[PDB]
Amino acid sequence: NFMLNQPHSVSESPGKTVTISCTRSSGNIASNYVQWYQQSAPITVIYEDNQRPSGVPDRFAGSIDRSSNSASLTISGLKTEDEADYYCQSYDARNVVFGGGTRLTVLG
């Protein structure tokens, strides 16, 4: 299978843009859909690489970078409310794979 690796921490000031990356260790990041959860239980903020569920602010964006074999969650216009852990997730034909999660600290 594979693992997904993310930094544990990222920080930024309100109004600014932050990116959390999720590197896949083996295989192609493009081969399976990537979901992002914010953490109660984790809630979905991105699914199928870049789709936002109902209610999730447009400031949350998912992307895939095949060249670095990674997925990224980019949060623009950072709000205090966005402080949370964010986990990426994908699949290896059945079994769920989870990143280690990244804490977004919002400065101020």
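One-based numbering along the sequence shown.
Per the record, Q39 and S40 are separated by 1 to 3 deposited residues that are missing from the model. Between 87 to 95 and 6 to 14, it is 87 to 95 that carries the larger average Cα temperature factor according to the deposited entry. Of the candidates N50, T80, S70, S54, the one whose C-alpha carries the top B factor in the deposited record is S54.
Sorting the modelled residues of the chain by their CA temperature factor places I75 in the middle third. Annotation for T102: CA B-factor lies in the lowest third of the chain's modelled residues.
In this PDB entry, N28 carries a Cα temperature factor that places it within the highest third of its chain's modelled residues.
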